[PDB]
Structure formats: C-alpha cells, structure tokens
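J.: Residue numbers (the numbering used here), protein chains in the order written: chain A, 21 to 446; chain B, 21 to 446; chain C, 21 to 446.
All C-beta atoms in this analysis are idealised placements derived from N, C-alpha and C, irrespective of residue type, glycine included.
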Amino acid sequence: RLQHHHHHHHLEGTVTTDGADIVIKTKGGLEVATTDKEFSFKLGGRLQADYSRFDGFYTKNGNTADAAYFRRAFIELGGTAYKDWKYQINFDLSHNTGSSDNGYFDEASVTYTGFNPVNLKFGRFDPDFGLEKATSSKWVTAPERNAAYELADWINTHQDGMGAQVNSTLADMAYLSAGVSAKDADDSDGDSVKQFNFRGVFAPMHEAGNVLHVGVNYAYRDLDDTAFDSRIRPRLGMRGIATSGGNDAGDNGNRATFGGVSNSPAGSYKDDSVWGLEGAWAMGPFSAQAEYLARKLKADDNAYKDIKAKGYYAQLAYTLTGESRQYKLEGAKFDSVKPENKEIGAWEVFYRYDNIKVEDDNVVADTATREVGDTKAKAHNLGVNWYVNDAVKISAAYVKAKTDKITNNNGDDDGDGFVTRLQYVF
Amino acid sequence: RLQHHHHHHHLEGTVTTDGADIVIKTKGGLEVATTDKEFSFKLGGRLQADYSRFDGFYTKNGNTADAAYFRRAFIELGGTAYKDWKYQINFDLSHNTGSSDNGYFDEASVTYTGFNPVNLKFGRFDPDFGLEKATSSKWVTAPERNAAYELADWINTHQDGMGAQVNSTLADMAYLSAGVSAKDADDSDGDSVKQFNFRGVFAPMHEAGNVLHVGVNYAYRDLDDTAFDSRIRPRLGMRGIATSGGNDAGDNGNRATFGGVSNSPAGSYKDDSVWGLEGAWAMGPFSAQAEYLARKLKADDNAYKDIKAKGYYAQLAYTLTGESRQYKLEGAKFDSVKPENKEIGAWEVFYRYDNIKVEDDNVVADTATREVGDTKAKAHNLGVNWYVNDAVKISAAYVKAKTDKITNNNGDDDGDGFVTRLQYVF
Amino acid sequence: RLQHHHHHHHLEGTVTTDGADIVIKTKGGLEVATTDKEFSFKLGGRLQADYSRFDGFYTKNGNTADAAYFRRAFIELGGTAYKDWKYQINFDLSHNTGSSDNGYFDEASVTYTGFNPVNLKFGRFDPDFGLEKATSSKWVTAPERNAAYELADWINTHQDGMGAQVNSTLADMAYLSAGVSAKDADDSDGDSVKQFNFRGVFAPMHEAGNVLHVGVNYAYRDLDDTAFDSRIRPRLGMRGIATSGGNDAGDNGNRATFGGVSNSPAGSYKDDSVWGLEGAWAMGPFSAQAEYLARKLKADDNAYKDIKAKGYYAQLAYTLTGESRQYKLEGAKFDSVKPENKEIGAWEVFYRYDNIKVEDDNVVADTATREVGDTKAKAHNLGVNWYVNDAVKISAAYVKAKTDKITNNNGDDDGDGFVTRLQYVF
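1) Using the Cα positions of B/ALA88 and C/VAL408, report the straight-line distance between them to the nearest angstrom.
2) Taking all protein chains shown into account, decide if C/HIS24 is buried (16 or more other Cβ within 10 angstroms of its Cβ) or exposed.
3) Counting only Cβ pairs nearer than 8 Å, list the residues of chain C close to A/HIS115.
4) Under 9 Å Cβ-Cβ, which residues of chain A neighbour B/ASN272?
5) In this structure, what does DSSP give as the bridge partners for residue 15 of chain A?
6) To test your reading of the DSSP string, which unbroken beta strand (DSSP E) runs of 3 or more residues are found completely within the region 186 to 273 of chain C?
7) Could you list which residues in chain C have their beta carbon closer than 7 Å to that of B/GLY143, in chain order?
8) Rounded C-beta distance between C/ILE327 and C/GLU391? I'm assuming under 8 Å.
9) For C/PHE125, tell me which candidate among A/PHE125, A/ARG92 and A/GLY99 has the shortest Cα-Cα distance.
10) Would you call the region 310 to 322 of chain C and the region 164 to 171 of chain C in contact, with 3 or more CB pairs under 8 Å?
11) Can you give me the C-alpha to C-alpha distance between B/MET193 and B/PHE306, rounded to a whole angstrom?
12) So C/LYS203 and C/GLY181 are in contact, right, with Cβ under 8 Å, and what is the actual spacing, rounded?
13) For the region 320 to 401 of chain C, which segments carrying the beta strand (DSSP E) assignment without a break, of at least 3 residues, lie completely within its bounds, in sequence order?
14) Figure out for me which residue from C/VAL404, C/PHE77, C/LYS422 and C/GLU350 has the closest Cα to the Cα of C/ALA191.
15) For A/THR34, go through chain B and note every residue whose CB falls closer than 8 Å to its CB, in chain order.
16) So within the region 37 to 91 of chain B, which uninterrupted beta strand (DSSP E) runs reach at least 3 residues, ignoring any that extend past its ends?
17) Can you say whether C/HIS27 is buried or exposed, counting buried as having 16 or more other CB atoms within 10 angstroms of its CB?
18) Whole angstroms are fine: how far does the CA of B/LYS318 sit from the CA of B/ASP173?
19) Are B/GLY210 and C/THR79 touching if we call contact CB-CB under 7 Å?
20) Starting from the C-beta of C/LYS358, find all residues in its chain whose C-beta is less than 8 Å away, skip the five residues before and the five after it, and write them out in chain order.
21) Run through DSSP, which three-state label would C/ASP121 get?
22) Given that B/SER60 touches chain C, what residues does it touch there, using C-beta distances under 8 Å?
23) Could you please tell me which residues of the region 399 to 415 of chain B, in chain order, have their CB closer than 9 Å to any CB of chain A?
24) Compare the C-alpha of C/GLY257 against each of C/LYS45, C/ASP249, C/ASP146 and C/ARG275 and name the closest.
25) For A/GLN443, which beta-bridge partners are listed by DSSP?
26) Going by beta carbon distance, what residues of the same chain come within less than 6 Å of B/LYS45, once the five residues before and after it are set aside?
27) Could you name the residues of the region 368 to 380 of chain A whose beta carbon sits closer than 7 Å to any beta carbon of chain B, in the order they occur along the chain?
28) Assuming the contact rule is C-beta atoms closer than 8 Å, A/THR277 and A/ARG251 should be a hit. Round their C-beta distance to whole Å, please.
29) May I ask you to report which of helix, strand or coil DSSP gives residue 450 of chain A?
30) Report the neighbours of A/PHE111 on chain B: residues whose CB is nearer than 9 Å to its CB, in chain order.
31) For B/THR387, is the classification buried or exposed, using 16 other Cβ atoms within 10 angstroms of its Cβ as the cut-off for buried?
32) Does any CB atom of chain B fall closer than 7 Å to the CB of A/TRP295?
33) Please confirm whether C/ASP70 and C/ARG441 have their CB atoms less than 7 Å apart.
34) Using the Cβ count rule (16 or more neighbours within 10 Å means buried), how would you classify A/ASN136?
35) Can you list the residues of chain B that C/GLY134 reaches, using a CB-CB cut of under 8 Å?
36) Where DSSP assigns a beta bridge to B/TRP301, which residues make up the other side?
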C-alpha cells in the first residue's frame, strides 16, 4: 500500500513570536532579545590564527623554529533570563584554555545583575587583576599579554576552579571588584587552594579618547600543606615556543624556568601574595598604559627560602587613522578600535616594553644554562594592527627578548621573533 | 588607486522567511520552528555549578575535603526535519559525561516519530531503567541520583556505544520502553557487549499534583569472554569525592570499592541481570517515590563466584510554596517545578533515604579497610531547592552516610557532607 | 519588606531588526542573513551513526568483530561579515577529526571572497587533492573514502596545522586550487613540515546529470631532518577495525601496516611527492568516476630506500529513482541527491572497486604476517543509499577485501564486512 495524504496549504513568509516583541541581529553570529529586556541570547566567538618564527633564546639550540596554531578558537554562548540573571559560556576549541579533565573553559559563569550597578558573579572565570588582563583577549593591543603577569599567572586565571566576585562602578569615577576563588590544587586533606582578589581603579576620565586611569591590584592565596608547581616560565611574547591549538616549536622550544620548581612539596610554602599598580592615559588616537607588580611566595618549611619576583610593562599605542581605543568604566578596561574608513579600515601601531626579575635564593648552584642570582628578562614588542572592519583584525609584530643569568643551550642571551595573526570575531 | 562605490540604500527593519511561517522564542537560548510543525531547532543547555565539603567515610583520612566543579555543563542542539525526524545532541563541556576517546556525549540521538505514539530512537543515549533516572538531570530533586543505581550503573548509561529503542504510551494509562544497545567493551573477538532493557509503567494518574505510578525494570547484558570492571564504587551522594569538571577531593577522596574488581578477566563472568521496581504518588505539592533493584552478576569460570547486590531509596518531597512537580506519561517521569510567585520563587524541601548491600563472596580475606562478608551503606539526603524562576535553581543539601564492613583509612564508618548548587537552564 | 513593582504592559508578537532586513530559515538548524548579503550566520551539523560487523583479514584472528560509533558528529558554525569575509568552524564531537592537543577541527577557516571568482582561504582546512575527497563527507557515495588516499593521507588532510589557499573557477569550464600548508611535525629546529598542493580540473559539462570532468592533482612535502610516521595502514572500507567516536574492534582489529614504520628517524627521508588523476562522467541518474595516484617517498640517508605506492578506484552509481547527483564547478565536486518523491525518498545503488600496491624495499625480511615484496590489496564496496529526505540518509554496504603478501594472524588473505549508517544533516 502506497502512502498518500490530502494536500496542505501552508501560510508562508512571516516571522513572529508568542511572547514579548523580539529584535534579532547578525554581524556574523546571532543575537536575539526581547525588547522589554527580560530575555536575550547571543551566539558568537573568536578565531585567532597565528603563524610565527623565532630564534635565539626562544629556542633551545638558537636556530629558527616556527608555530602555526590557533591562539584561541572560542565558541561563546551567553544570555539573560528574567532580566537579572545572565550566563556566559565560552569554550576554547583550540584547547589553549582550561583542560581535558575539567573542561576547556575560558568562562562558564552566572551573573546576578539585580543590584545594578553592583554585580554578583559566580562560576569559572578569571579573577580581576590588571588592566591588560581585564581588556578582552580580542582587543589586547599586543599579540600576547605582558611578561609581568607570567611571574604569577595564578592571580588572574581561574585554574579550573570556582569563584564568587562582587563588582561595581562607583561615583561615576571608579571601579571596584573583589572575589574569592577555589583553585584546582588540593592540600593533603583534599581541600582546594583558596584565593582572594581585589582590584580598585580611579578613572575620573573614562571614555574612548579621554582616559585617565590609576589602579591597584591585590591577590593572595593560601598554599598550606599543598604540593604545587612554583615555576616561573615566561614565553616573553612568543606563544609559539610552547602552545596547544596547532603546531609549535616542539622539542626545540625554550620556555625556560627562571625560578621555582615543578613539584614543590606539601609544606614547602605557606602563602603567596602579589600587589599590582595600573596606569593609563588616552587622548584621541594616542594612549599610554603601564603596570607594575611584585610577588612574594613565602616559605614554610625551613629548607625553603622565599621566592620574589617583580615585573612591569609600558605600552604606547597610536591609531594612525585617528580612531580612539574604546574604554569602559564597567570593568575599567580598554576595548576595541572601530574603523571609521570602510575602504581601508583602521591602522594602529604599538610598542610595548616588558621587564621582569626573578629572585629565587633556592637556586644555589649553576646549571648548564642558569647562573645563581637574580634572573632577568626584557622584551620589546613592536607591531601593527589592521582593523579591516569590526569583525576582522590582522596583525604583525616583531618581538625581541634579552636575558640575564639564563641562556639557551647555545648560550644565547637574546632572541627575536615575528608573529602574524588573523582574527575573526563573530 | 583608492577604492570607491556608488551608495546603496538598504531596506531596514523587517524579519521574514522564504518558507512556511516561523515562530521564534527566547528564554535565554533559542527556539525557531515552522508553524506547520515540519521543521524546528532549539539551542539550549544547562549549567550545574557545585561546591561541597565532606569528611569521615567520604575521605580517606576522614578529614574535610572539598570540591568545586561543574557537575554538568551541557550545550544542547535539537531539531525536527520533515515533521517526523528528530535529533538531539547534548555535549558536556565539563567532561563528566562520555569520554575523551568517544566524545563527551550526554546524548546523540535520532528519533523517528512517524508512528506516534510509538517512537523509534537510535544512537547514543542512556537506556531507560528507573524513575529517578528517567527524570531530567535538570530536575532530579536531590543533587545526585540514588545509590541503588550505583550498584549497576550500566543499566541506564550509554557507555559510549549505540542503541535502538522503541517506546510508547499505552491506553492513556501506561508507558513502555524496550531497547538493545552495544556497549563499549569487547570480547576477545572484538565484539561489543550487548545489552537488553525493558521498562513498563502503569500510571493511571499521570499529571502534575496527581500521580499514581508503579513500574518494573529489567536489564540484561552478555559478558561472555569479556574483560571488564566489576567494581561497585558508590559516591553515596557526594559527587565531589571523585569527579571531573573542576576540583575534587583528589588523593583524599574515598570512592570505595564495596565489591568487584577493576580487571575481571575474559571468561570470569557470563552475564549480568538487574530487576527493578518503581513507585510514586503525588498529591499537589506532596510527592513520595521509591525504587528497589537487585543485581546478579553470574560467574562463568569456576574460580569465580556470583556477585549480588540489592538497593533501594525512598524520597519525600514537598513544595512549601504549593506548586506541583510536573509529571509526563511520555517517559513516565517527574520534571520541573514552575514557580508561581515571581518575587520569591518556589521553595521545595526533600528527604531521600538510600540503602545498599553488596554480596561478593569472591572477597575471601580482610583488607585493611574491608571485612569479609556483605558490605552495606545507608545514606540520608536532606535539602532545599529554591526555584528562583524557570531558569535558575539554587540548592543546598546535607548528606550523611553510614557503612558496614568497610571503613576509610581512619576507621570511620560514617561521614557527612554538604553540597550547594547553582543551576542555570537555557 | 516584600518586593513589589508597578505592572508593566509589554508589546507582544513582533520580530524585527535594527539593521538591514533579515531572512531567517530552518531545516532543522538555523540560518539568518541580511538581504543585502552583508551579514549571515548558519548553525548546522552532521551526525553519522555507524554499526558494522567484519571478519577475515579485517580482524587479527579472523573471527567477527563489530563497531558501534559515530563516524562524524560535527557542529558547524559559519558566517559572513562585511560581505567579503567568511568563516567556517566545524568541530567533531566524535573526536575522529583533529586531536586532543590541537582541537577536534574538521575545519576552522577564514575566506576572503572579495576577488570573486577568486577566493583566498586561510586557517585549518584539508588541502584540495582528489574528487572523492573534495566531495562533502555528507555526500560521499560509499560509507568510507577510497583506499588509494590511504596510501598518502597527508595530501588532503590538515594534520593540525595552518594553510593558505587560492582557488577559482575559470572560463566557465575549469577549476583550479593551489595552496601551502604547515603540518604538525617539526624538524630538529622545531620548524614545521611545509607542504604544497595543486589541483586543476577541466569540466566543460558541470551540472547535475551532465558532468564531464578530468583533473590532475599534485602534492609535495619537505621532510628534511624530520622524524615521522611513514606507515601505510589502510582500513580498506571498514572504519570499525580502528576508530574513535565509540566502540570498535579493539585488540582484534587488523589495521595492518602494508609498508613504512611508525618512527622513521630525522634524516631518513628528504621529501615526498604524489601525483593524481581524476575522471568523472554523469548522465542523469548514472555516474562513473575514478582516480589514480602514485607516491614516491624519497630516501635521504643511505641506510634507507625509497617507498613507492600506487592506487586507484573506480565507482559506478545509479539513482534507481531517477535523480541526479548534484555537481558544483566551484570545488569541482559531486554533492547530494535531492529526493523528488516525498513518500519513498531516493534510492541509489553503487559499486566501488579499489586497488592499491605498496613497494617498500626497506622490508627485507618476512614477519609472521608480511612477506618481502610488494604488498597489495583490492576491495569491492557494494551498497545502497536511501535518501529519506534532504536531511536523513540511511545506508547499507557490503565490503570485501583481498590482499597479497600480507595476512592476519589467522593467515586470512581476504575478509568481509557489512556497514550500516544513519546520517542526519541539519
């Protein structure tokens, strides 16, 4: 018996909703929201495709290595329900963020905004320490963030745990955020490392092309009875020396240990503190920003000595085509450049100088590549960003690093690299 | 030569379709569907953020451990095409469901619904055994499902294989489901473990606030010539003793082996059977439900003896604010509570009692923590669910466990824990 | 103090946009696009659910093994911004494509189309070599692609690297593509393997049911100072002998090494070249296509000898219900069958013959299963595709393989298998 049915006529062409009026938008992804602000959804993401070549100190033998990888490949889902409840889930397909055991999350958070301007944020999200870190990874001026953060990257990374943060703008001239987090490392009882963060910024001028910003950061974590990796291992602006998400320098990459050890035993260190300062000034297309931080990792057991590190960076940026870097008091952070000329886009030049010093008195004998005393590095990052349009940014940068009391296997105390990136935001 | 073009005028503001009329909705995610029911799409998900602390038997040394993790972080894509063909793909970003080798699937299925009320379901999906299991993981009353399922978790998990299931409501008073599945373990010829499931429920009253439900479950698998993990390792309501998706109790978590072994050799066991009973009654905001199951893992080689286990739970729940738990005859399962009061939400209290017994006559000598004979555990789970709104549920629960013939390293025969969860459904 | 608010009235029912007019569509997924072609977004995917059984040479002992797995489970996000900038991100939830270190990408690309008909494509995407490979994995006629590609699968796989490709149709009768890529393997300096691809097709007739197609392919890679896996390990049409995404034949799967070694040392080989030919002819529901390729892997160090391999396939296909296979000059590739009869769908029968030969003079002694000389295999793939509708395709195929100078442990020189697939495209 063959199948059959009466012919149906279908009404065609309209798009409607059964609830509150909806506005839908696309700039390459999708946004849908009710006009009464009760409900919304946004699907987006970011692709950062990098190719780099580098030599000298950046590699073990000093010869040129390369890397061809996605720095980030986020899929981003966020939304609002019942006006005051937001979520944001950003997962990194490149596997550079998060982990196999715990999920490749850049963020998985829920925010209650009912106390606006005060927000309450929960879940897995990087703690707020530092201006360059607060700035979206889409819009950080240099291809990689500064080396001073590499002295204590726990201060502003989620480390596969959970946290709770309160934040607010204040008096139309300031921003404060404070939070507690549990990080993914246990003491001998299976109790996680607990961490406190504070950030406070005074930014009396806080708009694109008109920024005056000074801030303070503090981070503390309790390492009592906890085995942990104390290594400071800066990449000094060259991600490709060691990275997920594609090809890297492999066995010839030199992500060097400037201090600390991979397995510091339970009981070796008691706690770990970092203070930071931020400054920024912007007038139209010109901006200057800088940060300084200092870490003290405090020994517990007498066989161990404190480890200290200090670092800073300063950056100048200028949009040759005249546009301002966006700036938001909510988060006290820079953001994108929006090109005014549709035919040629926006062109931005930048220079960042980084300087770090590691004081690890536990290093008591020379190795083949590392001398007793304070290890140091300086880096220079000079480059161009072409904002083709709001979605696409193409970048090229030259990076140079110079070190003290540490070399590669070739004896190099400096190295050079070039990195190019194609970024697509949707 | 500079680029240029004539100015174009674009029509603005309208949203239309070229096919059948579409209705679009958002409650934080996205639904799009043609009004003639031919085509639909839904993007959603669920975040379950847990923080817990626990001690005694829950940890190896008895001291307090913690856990801070996502129990589930699903992204959910489902849709319909040509009316009768549905798909559902739920992937767990927390990596608590599925595996690295095979995909982190909660579900990846295709359902043909053309024989409605009869459905034919194919792909990777948990077999249907048990009421608490059939209930969505969004809406299970207690933070973790009962310990009786932990006696034989193969009965209602997909185990990275594939299956085919037929199901239907019957006579407006019953629900039946039966299926076959291939599970991810091979015999010496590389042929997968095959499993049969049946579930039948009589529910003459089957609506929110008016439920009378009795059901039977059966599961069978053939383990001929197959090496397998026969361990029964209950978490007794405390997920954080050992979990993916974030921080757990690490080396101090005590997910204890009550019976069975990690590598039971090919030829040791022939087959494995489980029978189960379900009962539920609901009148308005009050509900009572309970399940009992019994397992016989039947030895093949004479060196091995049968392993038996029996378990049950009973749960009372009451919505203090008066709302009913939703109930669906399709799937014969409870579902959500929908809050009536928008300002305070819905408040639900629950108590679940669990009781398990493992009879493994292959354990023929004491270990340091486990005595010859039948191992037993009882657990009590007492808690509160706050349904803030349809999307957000916040929970807190106290859990206590007491064991017989098994302790931790500290000699504890009981333990306590507290778990809190923030759930966001979109 | 209880919460309260004035009652708000909300406008209901409309769906609008603030920019250019939008058209939205769903066939199970989602498409949204502005009518002026400036912006678009598409969320889709593909599920390929496979069950297979196989014996003889396909397994080590010759007995029947099975497999129950997803061949592919892609989530697909693609879009357009500012008219000329496209992206496509396809991630494989089954974990059969890409890797844990680098991301499970089938594709993560950005394409600039402003030079239309010339495209510039960047990112992680399979290089273009071969007609059956260019054809979407949704619409390849046989359940697995041919064995000749298995002789040199680097020629048309991204291998977790990055690349740049230029392509264009020409003169309304041809298609050309050429590209460079960095592949995920380093020389001793950490510099990636670089690869060149060219493909050129003359297709004076290039529409569904009217195809005349001849093409040439070339691929080259530089292996100087690079350790690499030179093994040729064909599955001969039976994916389930060894696969991710679910259960496979495990320890009894025989994915046999026909030549090459797992760790060919740095300096062993200098470069690697493959030439290929393509031919296709289609008249209405009948099509014939074939490809031939030859590889020379050229030794560097004198201890090593060149490895050569040659392979081809030929396929006949006929749509019993009369429909043509779609064909696109852009990409010079076949595509789907679109069923005309809504009640019974489209039915297609196919036969593919594969023939491969591996000449590895480095194999200088017999092993227990492999004789000195040229190893060979032939395979026959006979099957049916039922295109239920545009979204759903169900397939069944018989596969037989016969080998020369290589057997399994049972001494089998042939084997048989059957594979069934349910595919859902959205």
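T.: Looking at the coordinates:
1) Distance between the alpha carbons of B/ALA88 and C/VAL408 is about 47 Å.
2) Exposed: under 16 other Cβ atoms inside 10 Å.
3) Within 8 Å Cβ-Cβ: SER120, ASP121, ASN122 and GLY123.
4) Those are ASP206, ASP207, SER208, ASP209, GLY210 and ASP211, listed as they occur along chain A.
5) Only positions 21 to 446 of chain A appear in this structure, which leaves residue 15 of chain A out of reach.
6) For the region 186 to 273 of chain C, whole beta strand (DSSP E) runs of length 3 or above, ordered along the chain, are 194 to 206, 212 to 227 and 230 to 242.
7) In chain order: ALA69.
8) Their Cβ separation, rounded to whole angstroms, is 17 Å, which puts C/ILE327 and C/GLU391 out of contact at 8 Å.
9) Selection A/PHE125, A/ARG92 and A/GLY99 evaluated against C/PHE125 yields A/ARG92 as nearest (Cα-Cα).
10) Of all C-beta pairs linking the region 310 to 322 of chain C to the region 164 to 171 of chain C, three or more are shorter than 8 Å, placing the two stretches in contact.
11) Whole-angstrom Cα-Cα distance: 21 Å.
12) About 5 Å; that satisfies the 8 Å criterion.
13) For the region 320 to 401 of chain C, the full-length beta strand (DSSP E) segments reaching 3 residues or more read 327 to 339 and 366 to 380 along the chain.
14) The shortest Cα separation from C/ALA191 among C/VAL404, C/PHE77, C/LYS422 and C/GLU350 belongs to C/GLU350.
15) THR36, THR37, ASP41 and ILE42, listed in chain order.
16) If only uninterrupted beta strand (DSSP E) runs of at least 3 residues are considered, those enclosed by the region 37 to 91 of chain B are 42 to 45, 50 to 54 and 60 to 74.
17) Exposed, by the Cβ-count rule.
18) Computed Cα separation, rounded: 16 Å.
19) Yes, these two residues count as a Cβ contact at 7 Å.
20) Excluding sequence neighbours, C/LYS358 sits near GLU343, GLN346, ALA366, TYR407 and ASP410.
21) Coil at C/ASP121, not helix or strand.
22) Chain C residues near B/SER60: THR46 and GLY48.
23) Residues are counted here when their Cβ sits less than 9 Å from a Cβ of chain A; for the region 399 to 415 of chain B these are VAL408, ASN409, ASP410, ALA411 and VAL412, given in chain order.
24) When only C-alpha atoms are compared, the closest one is C/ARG275.
25) The partner list for A/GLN443 (beta bridge, DSSP) reads A/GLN68 and A/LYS413.
26) Closer than 6 Å at Cβ, skipping near neighbours: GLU51.
27) Within the region 368 to 380 of chain A, not one residue has a Cβ closer than 7 Å to any Cβ of chain B.
28) Between A/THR277 and A/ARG251 a beta carbon distance of about 5 Å is seen, short of the 8 Å cut, so the two are scored as contacting.
29) Nothing about residue 450 of chain A can be reported from this structure: the residues present for chain A run from 21 to 446 only.
30) Those are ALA93, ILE95 and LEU113, listed as they occur along chain B.
31) The Cβ neighbour count for B/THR387, taken over all protein chains shown within 10 Å, is under 16; the residue is labelled exposed.
32) A/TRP295 is outside the set of residues whose beta carbon lies under 7 Å from a beta carbon in chain B.
33) Going by C-beta atoms, C/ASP70 is nearer than 7 Å to C/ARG441.
34) Per the 10 Å Cβ criterion, exposed.
35) Those do not exist, as C/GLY134 stays about 10 Å from chain B at its closest Cβ, beyond 8 Å.
36) Answer is B/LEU232 and B/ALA308, bridged to B/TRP301.
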